[PDB]
Amino acid sequence: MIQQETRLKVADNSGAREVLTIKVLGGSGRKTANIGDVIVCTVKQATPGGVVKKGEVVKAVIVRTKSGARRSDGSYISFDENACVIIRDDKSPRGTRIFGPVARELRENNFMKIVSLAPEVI
Amino acid sequence: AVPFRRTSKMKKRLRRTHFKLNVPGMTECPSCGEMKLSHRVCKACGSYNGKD
Amino acid sequence: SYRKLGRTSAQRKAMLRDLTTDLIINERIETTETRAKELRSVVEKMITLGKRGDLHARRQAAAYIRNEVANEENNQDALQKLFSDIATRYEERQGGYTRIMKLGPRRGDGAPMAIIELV
Amino acid sequence: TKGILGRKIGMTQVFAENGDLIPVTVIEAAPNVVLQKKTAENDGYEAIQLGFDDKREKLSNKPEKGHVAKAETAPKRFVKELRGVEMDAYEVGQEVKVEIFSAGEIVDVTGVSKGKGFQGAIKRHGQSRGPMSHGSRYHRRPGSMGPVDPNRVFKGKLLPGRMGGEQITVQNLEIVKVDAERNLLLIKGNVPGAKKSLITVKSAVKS
Amino acid sequence: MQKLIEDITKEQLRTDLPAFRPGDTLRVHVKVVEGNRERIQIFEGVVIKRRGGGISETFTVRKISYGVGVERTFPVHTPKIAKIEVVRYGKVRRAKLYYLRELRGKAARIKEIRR
RNA sequence: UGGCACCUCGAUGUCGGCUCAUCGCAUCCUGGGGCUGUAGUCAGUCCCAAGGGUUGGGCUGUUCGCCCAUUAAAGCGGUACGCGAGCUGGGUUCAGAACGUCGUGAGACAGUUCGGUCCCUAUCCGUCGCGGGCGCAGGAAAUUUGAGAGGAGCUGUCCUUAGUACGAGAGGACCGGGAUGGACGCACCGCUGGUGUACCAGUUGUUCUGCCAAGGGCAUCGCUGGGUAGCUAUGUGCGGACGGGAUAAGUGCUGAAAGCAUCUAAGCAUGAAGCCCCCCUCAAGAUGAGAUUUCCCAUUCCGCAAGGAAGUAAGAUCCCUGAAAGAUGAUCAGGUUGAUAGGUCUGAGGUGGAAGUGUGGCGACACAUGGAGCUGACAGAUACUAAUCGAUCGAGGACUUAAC
Ligand SMILES: [K+]
Ligand SMILES: [K+]
Ligand SMILES: [Mg+2]
Ligand SMILES: [Mg+2]
Ligand SMILES: [Mg+2]
Ligand SMILES: [Mg+2]
Ligand SMILES: [Mg+2]
Ligand SMILES: [Mg+2]
Ligand SMILES: [Mg+2]
Ligand SMILES: [Mg+2]
Ligand SMILES: [Mg+2]
Ligand SMILES: [Mg+2]
Ligand SMILES: [Mg+2]
Ligand SMILES: [Mg+2]
Ligand SMILES: [Mg+2]
Ligand SMILES: [Mg+2]
Ligand SMILES: [Mg+2]
Ligand SMILES: [Zn+2]
């Protein structure tokens with residue numbers, strides 16, 4: 001459950017280390033984002049010499065959450081952290097490598113580049 | 001909040017209608033003949049379900 | 001659910017343990033009707049322990065029964081009486097060891113009083 | 001329109017053939033009996049009166065026994081009517097069984113919601129609290145009763161009061177399974193009421 | 001528990017699953033279906049929780065994947081699990097191993113207890 | 001913004017915010033249209049339309065405004081610039097102090113700054129819930145009709161139609177199908193979680209059960225890890241769907257008055273998220289007190305009658321065991337040919353391997369006996385305990401006419 005002021009780890013090499021959630025997209029009063037949802041965020045921590053720089057307003061997709069996601073078959077998946085990937089509008093990641101496992105839910109939302117790049121898609 | 005007008009004797013009496021007691025739920029004790037409360041042991045003779 | 005009897009958890013447990021030992025010693029006490037109704041289940045479960053008779057059951061009962069003299073002549077405690085007299089009395093009775101009999105309301109606070117005794 | 005009376009037994013879950021885990025409510029409906037057919041001519045409207053759950057003789061009174069005499073059945077604890085039914089397809093004394101429904105059928109379920117007793121505006125009407133800190137002394141209160149001009153409160157200003165225990169219909173539930181041997185309906189999702197409460201399952205009115 | 005609900009759900013309970021407790025390490029062969037084709041994906045981790053009864057019983061397995069711990073919760077009797085292997089029987093002292101959530105590395109080890 | 005000074009100075013509390021809304025339409029979005037310097041996509045302007053909806057932050061006491069990020073949209077006003085016996089008290093105008101400035105001065109603002117007590121147990125109406133009484137031409141038990149009232153009413157994106165109509169290109173539809181969300185509402189606890197102070201376990205200090213072992217008290221439930229029922233959202237299921245009738249703006253058909261023309265005068269259509277229904281809930285005190293099924297049956301007294309009194313019928317209550325119900329009444333499940341609650345027995349779920357004993361170890365401790373022991377509310381069974389005996393209430397059915 002990602003909301004405004006939630007800080008996320010970045011699971012790629014775009015240059016951002018930590019982002020702060022500015023806004024959850026996709027409906028007027030929408031309070032919370034979950035895995036697979038796109039958020040607007042600011043880069044709070046950046047890697048020196050990265051493509052993305054501290055203080056930039058970027059779009060990201062949430063790839064891991066502590067709350068996790070329930071599946072139709074009645075199973076659940078949770079992670080120990082909330083992580084996102086900086087993206088463009090076409091849903092390609094702005095980085096080139098994805099770190100850590102990502103949820104199967106990204107395939108449903110057509111984040112296929114991210115899924116292919118992930119070291120594990122659970 | 002304080003009473004804006006005094007209560008009339010009629011309004012006072014109308015309120016107190018339901019401020020009432022009921023007759024107790026009595027039943028004669030078949031052993032000693034004193035009246036007890038239904039389902040209670042008889043205080044007078046100490047009988048219950050025909051036993052003292 | 002269960003009753004709170006206007007007391008905190010610790011006070012309520014203390015009162016129920018007191019009443020249980022009081023009822024074991026005297027075999028009949030008068031109390032408030034609601035206290036009697038709660039006592040029923042507590043005491044009967046203690047009597048079940050007595051019927052079991054084994055050391056494990058006894059220690060469970062020892063943790064609950066107050067350390068009070070049930071019979072001064074024999075120097076018999078409440079716990080010894082529970083296992084040696086109560087249990088022997090109800091060896092062939094499956095449950096229902098106590099009965100509640102209602103008295104009138106108590107003067108002073110109108111409390112409905114009751115007799116609770118071993119059957 | 002089809003319908004049947006039953007008791008709410010509880011909830012569980014069932015795996016679908018495609019692997020999905022579907023939560024279901026178990027409704028137990030011993031065969032209902034048609035006690036009376038009301039007609040437009042005699043009564044002014046068409047309806048079928050279903051009796052459910054045979055009551056002990058001792059608990060039944062003489063007026064009840066006479067009413068169910070024509071149907072030749074034991075007195076029933078629950079009697080309800082169904083309107084919109086095919087009158088000619090029903091006869092007094094006919095037993096209505098769960099097998100009128102089939103798996104996959106869409107139904108509406110009526111029941112009485114669980115009682116909650118006296119509840120405040122927050123719980124009863126989902127209103128917002130005031131601040132809990134910053135000096136606030138307004139936490140679970142129902143809000144201003146209205147403007148000054150009318151010199152009175154408008155009807156429908158929501159306030160504390162008894163909550164729950166109202167008749168409530170859930171629409172468009174799916175029948176998951178019909179256990180004719182045990183007279184059970186498995187309905188997807190949940191329905192109003194406590195366990196053992198009377199439930200009515202009708203063919204969906206929006207179908 | 002109501003006896004009726006146990007009877008209704010009895011058919012759908014699975015009988016081939018091995019006995020395991022919190023603390024044991026399992027390989028869960030999960031039948032992943034992407035539509036027409038299905039591929040068995042193995043999830044290996046520690047059983048940290050096993051709650052509920054009957055058809056509604058669920059269990060949670062935890063593993064560290066690429067530095068990030070992942071927990072998956074399954075219905076025990078789900079048909080979506082092809083097979084469960086008990087790789088290792090762990091010695092624990094409680095039913096819910098929630099403390100493992102805060103631990104990593106050597107602190108997160110579970111002593112083995114040859115069954 | 002003013003003008004007036006009519007009400008209030010034996011008191012009508014202020015700006016902003018919070019909670020709760022309600023109304024108007026001069027319509028911000030959604031719906032339907034006319035005109036266009038409307039190719040398409042977009043727009044401009046005007047008409048109809050108030051059903052629903054109409055964001056979260058940075059700065060500031062702020063209203064406002066600028067900015068950041070969204071949204072279909074971020075509408076304008078009234079309600080004592082709605083709402084302080086509902087809250088807040090940051091701004092402003094009590095007493096302190098200080099700066100700038102003015103004054104000979106006490107002090108003051110043509111300016112700032114730091115600090116500064118928000119009282120009231122609801123009598124009446126009103127509002128939200130719950131009962132008692134009587135009535136409804138006999139007395140009862142159920143099931144109901146619906147005059148009437150309330151609720152709900154929102155909308156995005158994507159796929160398809162179709163890269164089609166349109167256009168030189170750029171770009172890019174109407175209408176019609178289909179999927180999936182946001183906000184909102186209803187219900188429910190099977191799932192994910194929260195809580196769970198009479199559940200299980202670990203553990204510290206001290207005191208107690210004579211001591212060991214095993215336990216009790218107190219330390220926020222001593223603390224810590226879990227957790228049953230119940231209650232719950234952030235969890236789950238479902239809803240605003242299909243449509244009918246009459247209309248608004250608009251579009252018309254036939255058609256004169258007025259040989260033509262004309263949507264109109266007679267006549268006949270079409271046409272909105274709006275109106276009346278459809279959908280959900282309450283509803284016969286609807287005193288106009290309705291309808292259907294079933295049950296009881298014409299008693300005994302007096303009085304010339306009218307009428308009164310007394311036992312009862314069907315039925316219900318008092319009282320009692322309770323919870324699926326509940327502030328209390330009420331409601332519902334039961335009251336001995338009874339499973340209503342407790343207990344007992346068997347389980348579920350929960351905890352997680354009891355005590356005793358044995359073995360291994362110098363010892364802390366480990367292991368076996370043994371998924372053990374323990375277990376509030378959950379399930380089934382079982383009259384073992386309590387639902388005793390009793391008491392109270394409750395009909396005999398007016399007159400007129402009409403038809404039988
Ligand atoms: K001077
Ligand atoms: K739950
Ligand atoms: Mg204490
Ligand atoms: Mg406070
Ligand atoms: Mg007025
Ligand atoms: Mg378990
Ligand atoms: Mg004048
Ligand atoms: Mg005055
Ligand atoms: Mg005044
Ligand atoms: Mg207008
Ligand atoms: Mg004002
Ligand atoms: Mg006021
Ligand atoms: Mg102030
Ligand atoms: Mg008044
Ligand atoms: Mg449960
Ligand atoms: Mg010791
Ligand atoms: Mg002390
Ligand atoms: Zn007596």
# chains A, B, ... in the order shown; residues from 1 in each chain; ligands from 1
>>> residues_near_ligand(ligand="ligand 2", cutoff="9 Å", atoms="only C-alpha atoms (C1' of nucleotides) and all ligand atoms", output="ChimeraX atom specification")
/F:189-193,232,235
>>> residues_around(residues="region 177-191 of chain D", least_positions_apart="3", cutoff="6 Å", atoms="only C-alpha atoms (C1' of nucleotides)", output="PyMOL selection string")
(chain D and resi 23-30+98+103+174) or (chain F and resi 188+237)
>>> write_last_selection(atoms="C-alpha atoms (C1' of nucleotides)", output="PDB file, in the first residue's frame")
ATOM      1  CA  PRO D  23     -15.587 -18.174  -0.848  1.00  0.00           C
ATOM      2  CA  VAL D  24     -19.058 -19.623  -0.381  1.00  0.00           C
ATOM      3  CA  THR D  25     -21.906 -19.370   2.103  1.00  0.00           C
ATOM      4  CA  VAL D  26     -23.643 -22.614   3.059  1.00  0.00           C
ATOM      5  CA  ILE D  27     -27.441 -22.363   3.150  1.00  0.00           C
ATOM      6  CA  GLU D  28     -29.452 -25.310   4.472  1.00  0.00           C
ATOM      7  CA  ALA D  29     -32.972 -25.542   3.021  1.00  0.00           C
ATOM      8  CA  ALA D  30     -34.953 -28.561   4.109  1.00  0.00           C
ATOM      9  CA  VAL D  98     -33.049 -26.775  -3.502  1.00  0.00           C
ATOM     10  CA  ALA D 103     -24.783 -24.437 -10.355  1.00  0.00           C
ATOM     11  CA  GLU D 174     -23.707 -17.078  -8.227  1.00  0.00           C
TER      12      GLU D 174
ATOM     13  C1'   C F 188     -19.873 -10.523   5.712  1.00  0.00           C
ATOM     14  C1'   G F 237     -18.769 -10.626  -2.114  1.00  0.00           C
TER      15        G F 237
END
>>> residues_near_ligand(ligand="ligand 13", cutoff="7 Å", atoms="only C-alpha atoms (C1' of nucleotides) and all ligand atoms", output="ChimeraX atom specification")
/F:89-91
>>> write_last_selection(atoms="N, CA and C atoms (P, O5', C5', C4', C3', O3' and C1' of nucleotides)", output="PDB file, in the first residue's frame")
ATOM      1  P     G F  89      -7.150  25.086  21.379  1.00  0.00           P
ATOM      2  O5'   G F  89      -6.894  26.540  20.806  1.00  0.00           O
ATOM      3  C5'   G F  89      -6.084  26.728  19.655  1.00  0.00           C
ATOM      4  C4'   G F  89      -6.223  28.121  19.108  1.00  0.00           C
ATOM      5  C3'   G F  89      -6.055  29.239  20.138  1.00  0.00           C
ATOM      6  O3'   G F  89      -5.383  30.355  19.561  1.00  0.00           O
ATOM      7  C1'   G F  89      -8.145  29.446  19.079  1.00  0.00           C
ATOM      8  P     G F  90      -3.801  30.537  19.731  1.00  0.00           P
ATOM      9  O5'   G F  90      -3.209  29.874  18.415  1.00  0.00           O
ATOM     10  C5'   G F  90      -1.855  30.045  18.036  1.00  0.00           C
ATOM     11  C4'   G F  90      -1.755  30.453  16.590  1.00  0.00           C
ATOM     12  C3'   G F  90      -2.283  31.835  16.261  1.00  0.00           C
ATOM     13  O3'   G F  90      -1.331  32.852  16.510  1.00  0.00           O
ATOM     14  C1'   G F  90      -3.234  30.289  14.777  1.00  0.00           C
ATOM     15  P     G F  91      -1.807  34.314  16.958  1.00  0.00           P
ATOM     16  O5'   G F  91      -2.537  34.876  15.670  1.00  0.00           O
ATOM     17  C5'   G F  91      -1.883  34.950  14.414  1.00  0.00           C
ATOM     18  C4'   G F  91      -2.637  35.864  13.494  1.00  0.00           C
ATOM     19  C3'   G F  91      -3.052  37.170  14.141  1.00  0.00           C
ATOM     20  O3'   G F  91      -2.044  38.152  14.021  1.00  0.00           O
ATOM     21  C1'   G F  91      -4.941  36.148  13.161  1.00  0.00           C
TER      22        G F  91
END
>>> residues_near_ligand(ligand="ligand 10", cutoff="12 Å", atoms="only C-alpha atoms (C1' of nucleotides) and all ligand atoms", output="ChimeraX atom specification")
/F:24-27,46-50,248-249
>>> write_last_selection(atoms="C-alpha atoms (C1' of nucleotides)", output="PDB file, in the first residue's frame")
ATOM      1  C1'   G F  24     -30.516  28.229  -5.904  1.00  0.00           C
ATOM      2  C1'   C F  25     -28.791  27.770 -11.062  1.00  0.00           C
ATOM      3  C1'   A F  26     -26.210  32.592 -13.508  1.00  0.00           C
ATOM      4  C1'   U F  27     -23.770  24.396 -15.386  1.00  0.00           C
ATOM      5  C1'   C F  46     -26.028  29.902 -27.382  1.00  0.00           C
ATOM      6  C1'   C F  47     -30.327  26.581 -25.614  1.00  0.00           C
ATOM      7  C1'   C F  48     -32.295  22.370 -22.383  1.00  0.00           C
ATOM      8  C1'   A F  49     -30.621  20.050 -18.031  1.00  0.00           C
ATOM      9  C1'   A F  50     -29.429  20.649 -10.627  1.00  0.00           C
ATOM     10  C1'   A F 248     -37.268  19.689 -21.947  1.00  0.00           C
ATOM     11  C1'   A F 249     -34.116  22.131 -25.751  1.00  0.00           C
TER      12        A F 249
END
>>> residues_around(residues="region 25-42 of chain E", least_positions_apart="4", cutoff="12 Å", atoms="only C-alpha atoms (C1' of nucleotides)", output="PyMOL selection string")
(chain A and resi 71-73+75+104-105+107-108+120-122) or (chain D and resi 18-19) or (chain E and resi 17-21+46-49+59-63+72-76+78-92+109-113)
>>> interface_residues(of="chain D", to="chain F", cutoff="6 Å", atoms="only C-alpha atoms (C1' of nucleotides)", output="number ranges by chain")
D: 11-13, 23, 43, 62-63, 66-67, 136-138, 143-144, 146-147, 152-153, 159-162, 189-190, 192, 194
